[PDB]
Structure formats: C-alpha cells, structure tokens
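Enquirer: Sequences listed follow chains A and B, in order. Read in order, the letters of the first sequence correspond to residues 4 to 629 in PDB author numbering. Read in order, the letters of the second sequence correspond to residues 4 to 628 in PDB author numbering. Quick reminder that beta carbons are idealized off the backbone N, C-alpha and C, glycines included.
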Amino acid sequence: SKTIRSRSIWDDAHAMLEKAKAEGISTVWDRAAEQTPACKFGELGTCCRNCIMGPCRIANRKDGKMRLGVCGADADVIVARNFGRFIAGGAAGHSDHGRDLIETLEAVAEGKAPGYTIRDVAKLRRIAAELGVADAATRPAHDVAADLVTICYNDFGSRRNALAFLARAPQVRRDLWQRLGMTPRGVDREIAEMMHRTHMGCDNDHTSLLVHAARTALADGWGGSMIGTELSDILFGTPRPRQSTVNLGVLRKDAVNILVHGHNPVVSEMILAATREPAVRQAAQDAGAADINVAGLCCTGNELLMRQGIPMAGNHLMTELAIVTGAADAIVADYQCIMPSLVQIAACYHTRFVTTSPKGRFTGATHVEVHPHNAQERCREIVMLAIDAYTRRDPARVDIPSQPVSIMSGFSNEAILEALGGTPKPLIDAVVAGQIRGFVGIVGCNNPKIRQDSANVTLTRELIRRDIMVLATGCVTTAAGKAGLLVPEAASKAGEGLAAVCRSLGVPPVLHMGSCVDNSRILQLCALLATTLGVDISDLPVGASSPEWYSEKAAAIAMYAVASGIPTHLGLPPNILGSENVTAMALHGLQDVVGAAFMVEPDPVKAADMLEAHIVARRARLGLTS
Amino acid sequence: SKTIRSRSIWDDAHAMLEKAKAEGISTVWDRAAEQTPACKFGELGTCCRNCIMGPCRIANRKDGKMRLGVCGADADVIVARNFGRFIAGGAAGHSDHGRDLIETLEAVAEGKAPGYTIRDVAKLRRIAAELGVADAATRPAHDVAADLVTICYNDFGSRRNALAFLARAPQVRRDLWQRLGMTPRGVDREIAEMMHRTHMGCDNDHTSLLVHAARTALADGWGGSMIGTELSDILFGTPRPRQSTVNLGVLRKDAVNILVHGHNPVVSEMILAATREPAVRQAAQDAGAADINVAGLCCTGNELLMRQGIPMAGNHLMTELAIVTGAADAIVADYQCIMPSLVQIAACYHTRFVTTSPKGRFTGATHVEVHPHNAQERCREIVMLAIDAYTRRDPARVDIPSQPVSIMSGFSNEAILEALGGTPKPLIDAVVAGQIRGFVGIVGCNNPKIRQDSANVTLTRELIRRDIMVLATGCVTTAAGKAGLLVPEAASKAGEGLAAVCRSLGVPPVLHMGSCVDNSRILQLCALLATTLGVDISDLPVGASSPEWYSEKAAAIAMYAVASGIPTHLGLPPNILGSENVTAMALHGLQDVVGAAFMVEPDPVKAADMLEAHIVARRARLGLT
Ligand code: SF4
Ligand code: SF4
Ligand code: SF4
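1) Decide if the region 405-419 of chain A is in contact with the region 380-391 of chain A; the criterion is three or more beta carbon pairs, one per stretch, under 8 Å apart.
2) What three-state label does DSSP hand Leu308(B) in the structure shown?
3) Using a threshold of 8 Å, state whether the C-beta atoms of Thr201(A) and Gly87(A) are closer than that.
4) Chain B beta carbons: is any one of them nearer than 8 Å to that of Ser548(A)?
5) For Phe159(A), go through chain B and note every residue whose CB falls closer than 9 Å to its CB, in chain order.
6) Heavy atom of ligand 1 less than 7 Å from the Cβ of residue 702(B), yes or no?
7) Identify which residue in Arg243(B), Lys68(B), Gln181(B) has its Cα closest to the Cα of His215(B).
8) Out of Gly226(B), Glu372(B), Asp612(B), state which residue places its alpha-carbon closest to the alpha-carbon of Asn157(B).
9) Any beta carbon of chain A sitting closer than 8 Å to that of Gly45(B)?
10) Would you report the Cα separation of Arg355(A) and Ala587(B), rounded to the nearest angstrom?
11) Which chain A residues are close to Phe365(B), counting only those with a beta carbon under 8 Å from its beta carbon?
12) I'd like to know if the region 495-512 of chain B and the region 454-468 of chain B are in contact, where contact means that at least 3 CB-CB pairs between them fall below 8 Å.
13) For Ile326(A), which residues of its own chain have a beta-carbon under 6 Å away from its beta-carbon, when the five flanking residues on both sides are left out?
14) How big is the Cα-Cα spacing for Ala418(B) and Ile579(B)?
15) Can you confirm whether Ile579(A), when its beta carbon is compared against all beta carbons of chain B, has any partner nearer than 8 Å?
16) Using 8 Å as the threshold, is the C-beta distance between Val152(A) and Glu109(A) below it?
17) In chain order, what residues of the same chain lie with their CB nearer than 7 Å to the CB of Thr248(B), ignoring the 5 residues before and after it?
18) Establish whether the CB of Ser211(A) and some CB of chain B are separated by less than 8 Å.
19) Please work out which residues of its chain come closer than 6 Å, Cβ to Cβ, to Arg506(B), disregarding the five sequence neighbours upstream and downstream, and give them in chain order.
20) Would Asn164(A) be called buried (16 or more neighbouring beta carbons within 10 Å of its own) or exposed?
21) Just tell me which of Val479(B), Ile130(B), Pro544(B) has its CA closest to the CA of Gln438(B).
22) Could you pull the DSSP bridge partners for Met387(B) from this structure?
23) Can you find a CB in chain A that lies within less than 8 Å of the CB of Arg454(B)?
24) For a quick check, are the C-beta atoms of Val513(B) and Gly231(B) less than 8 Å apart?
25) Please state if the CB of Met516(A) and the CB of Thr476(A) are separated by a distance shorter than 8 Å.
26) Given that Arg200(B) touches chain A, what residues does it touch there, using C-beta distances under 7 Å?
27) What residues come near ligand 3, if near means a beta carbon less than 5 Å from any of its heavy atoms?
28) Check the Cβ of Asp99(B) against every Cβ in chain A and list those closer than 7 Å, keeping chain order.
29) Would you say the region 422-429 of chain B touches the region 454-463 of chain B, given that touching needs at least three Cβ pairs under 8 Å?
30) Three or more C-beta pairs closer than 8 Å, one from the region 34-46 of chain B and one from the region 11-28 of chain A: is that the case here?
31) So does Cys505(A) have its beta carbon nearer than 7 Å to some heavy atom of ligand 1?
32) Starting from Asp99(B), follow its DSSP beta bridges and name the residues at the other end.
33) Judging by CA-CA distance, which residue of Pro550(A), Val136(A), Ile341(A), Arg102(A) is the nearest neighbour of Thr463(A)?
34) If you draw a straight line from the alpha carbon of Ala220(B) to that of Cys529(A), how long is it in whole angstroms?
35) Does DSSP put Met472(A) in a helix, a strand or coil?
36) Grouping DSSP H, G and I as helix and E and B as strand, with all else coil, what is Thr480(B)?
This is the structure we're talking about:
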C-alpha cells in the first residue's frame, strides 16, 4: 500500500500497519489525518485562551481589526507566552521525574525501599564530593546519600542563586547567563515563574518572555534532567557498553511479553527484578510459556537498554504497533509520551494495560500504584497479571513481523572516558587532527507529519559520512539501531577519519547515550570539553538536532541546548511563525545573545549541511583545519 | 449612546467612554467586540495545542471523525488538562507574589532594605509562634523574621507533607484532603506537577486531573496567597477600619496624579512614602501643582486602601478610562491584570507608564526596576518622572467626570475580631439567632461580557437584603464602594437582622477585606469559625461568588474555595462545557467529594437564591433557624 509505505521507513511498521488496517484498528497516523487541516491560528501560535475575556485570535488584517487580544496583547506577546508555557510543560515533565529520583534515593538512604539499594556507591561519593558534601569519600554511604538528597532538594527550593550542577559549565558561560538574567535558580521556581509571567497583564514583552523561557529550559538541562540522570546512575548503575537488539522482533511468541513504557526506571528495574524470581518464572512455566520477556518502549526502554541491555521494541510511533503484534501480554506504564490510544488498542486484544504512577492515570487502565516502599511487592503482582493475560492470548492474531537487529548501547560519559583511557585527550587529538570533525547529538521523537525515522536516519547517515560523530538519545536510538548504525561494524558507513577512530576504540560511529533526560550527559560532556580547553561551549564543534520532534519535552531540550551554546536543528517549527519577531529571535537573535540559535529545516540533507557549516566555522575559530 | 450605557452601570465609565469615542481611542470593550464571536472550540475547551502532533480539536461529527486528538486523548482529557493549566496559571500568579513578600521580609531581617521595616512586630511574633518558630515571643524581632522566612521558603520547597498554614483548617477537612490526595505540599511543587500532568501522555483521566487542580488551588489559598497576606501585614501593617473614597473623581486637576496598578504593596507603599518627602512635594509645587495625589487601581490599590486609606480610582475595566480623564500623570505598574493597552493609551496623552518588576515587562514602557535594596531611591526617581509628566499635561484634554464616593475599608480578621470585642462569640450568637443568616465572599473581576459591575452590585444588594453579610475583595470592592455599600449608613440597605448587627458594631453590611490574595483572610475566618464550632468549613453558612470574573487567578480562588468546602458561584462558565463529564464534576460531582461545588449562573438574583439556598441548608444541618 502506498499509504502505509509513506507512514514509515521500517518493514516491521509496514507489517503492523497492514495488520492494524485489516483488523479495523485506528492508529496515530489515522488520527493525524482526521486532524488535517489543523487550525491556522493554532499552527501559527496566534490564539490565546489565558483568560475568559478570550478566547482571542490575532489576524493580519489591513483594516487593523483583530490585531490585539481583548487585553491589548499583540501577536508577539501571545506567541511568546504560548511558547513559554510550551517550554515550561517540557521542563516540568523532566523536573517531576528528577524529583521522583530524589525521593527514591532518600527512601534508600532511610532504609524504606525494599529491593532498592545504592548500586553505584563510587559514583555516589564522586557526585556528592563534586557538589560539596563533606567527607563524601569516607563517611557511611547512606549518610552521604542523605546529604546529596538535601542538595538536590535544595535545587527544588526557592533560595538558590544558581543550581548545583551549573558549576559544571565553564566560567565564561556562567558569566554570560548571569549578565543576560538566564541563570537557572530553582527547578520548580522557573516553571512557576513562567506560569506567572504568562498570566494576563504580567510579562508583555516577547524578548523578556523568551529570555525566561531559556532560563526555564536551563533549569531542566542543568537541574531536573541532570539530577534525574545522575541519581538514576547511582541507584541503578552507571551504563557501560553492552550488546542488545531492537525492533518488534524482540517480542517472543513462546514467552510472556511485558513491555515497559514511559520514563521512570524506578518501576521498570523492579519489574525486571520480579521477572527473575524463581516462583514467578515457575508461574509463567505453569501457564505454558518458555520464558518471561521484558522489552522496552521509549525512554524507560532506553534506560533499561543502557543499564541492563534489555532489548528495545520500538520508539514513539511504534508503540501502538507493538500491541498490534498480538503478543504484548502487558504494557506497564508510568508517565509521559504514553498515548492513551494504547488503552483502547490493548482492549482489542488480551493485553493488560497497567498504570503505576499517581501522575500517569488513564481512564480504563488497571492501576497498580508503585512507590519505593511497595515496589517489590507490587511489581510481582504486575508480572503475575501479565502471566495471567498470557494464558488468554489469541494465538491466531499473533504476528511478530521481523528478526531483531543487533545494537550496542551503554555509552555514559563514564564509559566514553573509560574507552579513551581515562582522559578526553585522545578525543581532543582526534578532533584537532580532523579525524572527527565534530559531534552532533541527534535527539527527539517521531511525529506523524514526517515519514517515521526517515529524517532521523538520513541525518545520522549524512553526518557520520562527513566524519561527524553522532550521539543518539530518545527515540532516535531506535532509528539508528534499526538502521544498523549502533554497532562497531558500522564504522564502514562513516567517513575515513571517523571510521579510523571508531575502529581504534572499538565503538560505533553513533553512540547511544540514553533517554531524553540523559541529554544531560551531552551537556556534561560539552561542559567538560570546554572547561578542559578553556573555551565556551559555543566555541566547540558541536550541534544538536531533533528532526522529527513532537513533545514539549523535546522543545525544552532544544531550548536548553541553544541557551548553552549548541546550535540546534529542528525538523518542524514550533507554533511561533505567527510572530516574525519571535521567529527572528529564535532563528537569529539568539545567536547574538547565547552564541547559538534554532534552525528549522525539514530536508535532512540540508540540515546536515547547516550543522556541518556551524561545526566548520567553530573549528576555524579554534585554529583547526576542517 | 445606548451602546455606551450597555457597557457599564457607572456615570464615570459612561463619560470616559464618550470621551474615548470622541478622541478615537479604542478600549477593552471595542476589542472584545472585535473578538466576537470567538472560536467555539476555545469557548468549549475542546482544543489542544500541548504538542506539535497537534493542534487538535474535538468535534461532534456524523462520520465519527475528530472525536480524539492525535495521541488519542478525548474531550474529557483535553478539557480537564486545559482547565488544570488554567488553574495553575492563577495559582502561579499568587505564588510568585507571595515569594516576593518572603524575599522582602528576608531583606528587612538582613538589614538590606532601606526604608522598609517590620511595621507589625506583634503580628510577626504571633504568626511565627503559630508556625513553629521557637521563642518567637522573646527573641530579637529580626531573628524571628529570619526563622519565619525559612518556614515560608520551605513551603516553596519539595520536602513538606503539608503546607504550614494548612494547620488552620479544621482536622476533619485536613483528614478529607489527605484521603482524597488533595493536601497541598509545596507552593511551586503543585504548579510544576500540574504542568507535568498535562504534558502529552501523562495524566489522561479527567477525575485525576481535576483533583490535582484542587490540590494546586489549595496550595495557593493556603500557601502562596496566605503567605502573601500575612507577610504583607507584618511588613506594612495590619489593616484597621478607616475612611476613604472611590471612583475617577479621586483624581485631582490641581495635583500630580499617580496611579499605582498591579498587585505588589512592596512598590506602592514606597511610592506613597516618596510622595510625602518635602523635597519631592516642593518639586511638584514648583511645577505648578498643589500637591501629589496617589490613587489606586486593582489589587495594589486595594492594598493601599486597606492599610493607608488611599483612595481607589477604579477596578479592572476602569483602568483605561482613568487615563482617558487626561489627568493621570503616571501609571506605576508591577504585575498581573495590567492590560498592555494601557501603554498605547498612555501614549495618546502625556502619561508616563512606568514598570517596576522584572516579571512585568511591557514593550514601550519606561522601566525603573524596584527591589527592596533600591526601592527608596528608585521610587523617588519614579515620582520625579511623574512630576515631569505633569508639566506636559494638556489641560484642554482633562475631564474628571465625578465626585468621589465615601467608603470604609480595613476589615482584616484582626479588625473584625477587635470590633467584636476580641472573640468571634458575638458573631456566632448573631448567626445562631438568625440576625446574620450567613456570609458570602463576593470576589473577582469585571468582564466585558457583562455590563460592568451590574452583577457585582445586584448580587451584593440582594444578599444584604436577605440578612447575608457580604465580604468584598478585589474589583468587587470598587463596585460595592461606588454603590455606597461600604459605609456604616448602608445598614439602611440591609435586612432587619443584619442592619441591627451592623448598627450595633458601627460597621457596614459589606466588609472590605482586601485584595485578591486577601481572599486568604476569608479562608482564615472560615477555618477559625469551623474550628471554634467543631465542624467542617462545609458545615458553615457561607458562600463565595465571582459574578464577573475573567482571570486565571479568579478561577484558582474559586477552586480553592470549593475545595475548602465553600459553595462558589461564577457568573460565567470556565472554558469547560465541551466536556459534559468535566462540567458535571465541577457543578455536581465535587459536592460528593469536598462538600461544595461550582455554580454557574449569569442572573445575579438567581445567583442570590442559590447561595441563600445552600446557606439555609447548612443552617438546618446546624440545627438553626
Ligand atoms: S487554536 Fe484557537 S482558534 Fe484554533 S481551534 Fe484552538 S481555540 Fe480555536
Ligand atoms: S490574556 Fe489577553 S489575549 Fe489572552 S485570552 Fe485573555 S484577553 Fe485574550
Ligand atoms: S497532546 Fe494529544 S490532543 Fe494535545 S495537541 Fe498533542 S496530540 Fe493533540
């Protein structure tokens, strides 16, 4: 079918799209078609519903009518406020997840989280020492953890002048943020202040609103996300390189298949633990299954891949299709990017849809709420639900369409530095000599507007062919993995210089660096390189790209990349083109301010050209050859 | 003009609307007409733009298409998420205000706020003791202030199980909130969690979303707003009853007129002090003026009225009209509800539009940023700018249309208890006897959809005639004031029982209790009576009403009133009627959960009937007549 082929580049998606159509199951692509054409005011950002003097919409009329909202706000203010609330929603998604990790570490330090422990005490002591805990190297581990918990909680308070992890950024960058009024002060505070600013009759200057949007995004990348990443490593282990597999073929007909979906590994790590208990495996054996098979979706999947090597079934637009295989016996959901259509599609099969978070409630789901104090008991109950659902699987509707594709994962900054012999000096030498011309983090989602992973893969291929190493996170991980680019043998697909460095280190030309919160690892790496070299992040030959983004979280990531000095490409524009001034700020004005700007470009080859041009300009300023 | 008469009940509004028309100046009412009819999806709440798989809209179509968003979210989820973010924006408006008051008190405690002081040390010691500061009664006042600052800041952190001021609520209400999962834990935390819940693919259950909306609003009423009110009293004085005046006639042709607008008394109080310095006054007199005349707009005007008796020029929809008098020489703005049209209308005259907050930036305004460490010199500078603007006033364009109307203000709970002899017992006895049948807080804004103050005044008049005492805050203050209802002689407009009680105490039948953050005083009063009686707030003969609301802040107030057990009337629906399930929860379902619900009724006489009906039912449950 020409329509099905246009929706994705992948055979396993095509196969499930055919099956979904045969079984009369509507998908995200069908709902996207029903919502096309979309309201122009919504697309442009020129609609405001922030009070009930509205709704207001701004037209561009020669007679000057509908130029202002009822309160007098113009298109610049309305677009900038909508964009600011958009960013705040993304920052809040990461913020609340980082907050849950603080609470989990506190429960471990108090001895009130059965089955949880401090899996990386060495990293605990290092992070705590970095952030100022006294005698972190020698004091009892749970005392050090309690002091680290206090520091992280204080970043979720209202008394700091700068977040704790901001000290990683080079001095020149912290000085610039301070001069601009961009320094993030409190993770929750910046979000709340954004909501205040965007109330009627508060902030009515688009420049001020966009500056606070940058501050709010920075409070995510250097706060909520960075806390989430570093505490997740302490609690569940620091990733090291390991082999795994990707695509819908990681599901197994002869096993109980449990898909974990969402973002929080506090649940997924304990689901995986329950599946390895002897009594639970005997229950699955008694039900007729040969094994219990956990596979990942989206950022929870990314996390379990990085730390445990658990195979990833799919990214964002694969999620519905994973149920359409007929082999998903349970989906275990926590929060964020979990499409509620999955509840309805699961009900078309035997699949249990289990929610675990008080924040991730879905009408019609089976709710088994999980907290650290009860996770071990509750996750056992959830796996037994999956085994029970397995006994009702209709064997005639099972169609697992592909063989899995080998990948390598687990490239934390700790693993990267270890692969380099302990210092970044071999990486700096490679960049100075021009073997690696630069690095681009390719991050972000799928979006039904773009043929799934078409831009993600094309951009990745173009960059590695030009000797630009790619750092992959989020739903790009699955795209690079299915493309065969996440293995060391993929050096044959890179340019001569990048292939040579990859082969000498034994690593792929694309490094999987984790989930969306793990984009904080990319900030940390950039900050380490700039600090080592004595330059700003805006002087490094780096870039970031989200070719197929959709979420507020992805927009917040892009904003904190830009605000930190990383040129950032987006495949689709945010809803801001209704204001030329806001658009010009985002694409050009920010360059004058933070040393980076957004680029919007749906042609991935042209996106590669633009990212490469920035890298080459920055190499020249460093006195390097290109 | 019949169109002009249709826009306001007030003579000063009519006169300035005529003047605006003659001069070609467009107002909020003109822009409201341009935006009519509005998008039906926006009115119903059935539009979602929370990701760029959207925009999505939910329709009711024969083919069954557009029943769901691209992510699969239905109308119940989309409407409830939109309402949740709406409430979060209102809570955030109050929370950042409260946070600013903490920062100011901390600057005073550190000795780094020239011209600021602890005006009410007795209330500082009482509040600090209440919230757990050790030896608050005897320690040095600035040490006590630093420890109270720490307690308030911790409510803006992430480690509490319940906000500090929640202890005021009766135990039965705190137990209910705990069981429901509504207990507010952190002022910023609940706002941030709401923004997380409304991201695509997080909270997709409309009941869950509305319960967290209640928790977010409670974190305002018992957190951001209550902190804002109590610290404002500590820094600037606890209000006591005093006489003042209201309407555009408080402006004076022979004076430099400075209008303070927005919410923060931290700025308006120091502007007032600057205008009283002899050298500043002499500068005005050298410019030809007889004096400097400060008048208030909206909530910062409410604050200056409550504590300093400063006349109030007008409420929300009067703000543009104050400039059209041609006599406003400066507007000094901080944040919230300040319409950006004021900058362009000020540019039609000589008026200086001055912004003072890093959060309240207005393109084209004169920005003179004020912080506690520089407020004394910056406010002096601002007043000098107003005097310079006065020398540019075109006397031919001046038209101050009315004589000002007398009012009484200053009814903090401290002033109410003092007027009662020091205990709520006389008030309880009057309620028991049936002299005062109940109380309604009438709060909230104006809205161009409703003839300005027509419902605010009619509802007020209806309730006091039925022996229901009215507690007025926000822009209802100006409405009740201009109607002559805020003076003791207004007992003559009340029913026999309320008139008798009012005359015995020498108070009006409508008590001005302050700004929008000061709706926390109504919570405090309800919790005091309920705790004294040993019942829930949902057992008290009380109600709340915003007949002409517009703002997210007003919706959050209405939500925390409802979630606290106070039946709450709204003249206009929030943008939720596209979900029958969300609408039914708001109007009916909440009754079975928190003991109160929203009521939507644009006829203010029918609104009075409904509020009275709840009061009578609660009187019967107390075994009263
Ligand atoms: S974006 Fe605005 S104008 Fe468009 S459908 Fe939604 S509410 Fe209506
Ligand atoms: S805030 Fe202003 S532009 Fe937005 S809905 Fe209200 S009146 Fe219209
Ligand atoms: S969150 Fe769902 S309903 Fe809202 S815009 Fe995104 S896809 Fe549409």
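Expert: With the given structure in hand:
1) no
2) helix
3) yes
4) no
5) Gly160, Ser161, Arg162, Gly189, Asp191, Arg192, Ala195
6) What the structure shows of chain B is the stretch from 4 to 628, and residue 702(B) is not part of that stretch, so it cannot be assessed.
7) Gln181(B)
8) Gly226(B)
9) yes
10) 30 Å
11) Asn207, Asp208
12) yes
13) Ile348, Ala349, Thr354
14) 39 Å
15) no
16) yes
17) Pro314, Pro407, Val408, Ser409, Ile410
18) yes
19) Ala494
20) exposed
21) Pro544(B)
22) According to DSSP, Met387(B) bridges with nothing at all.
23) no
24) no
25) yes
26) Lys362
27) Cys51(B), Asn53(B), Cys54(B), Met56(B), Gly57(B), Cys59(B), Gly72(B), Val73(B), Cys74(B), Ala76(B), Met203(B)
28) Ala195, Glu196, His199
29) no
30) no
31) no
32) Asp99(B) is not bridged to any residue.
33) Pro550(A)
34) 40 Å
35) strand
36) helix
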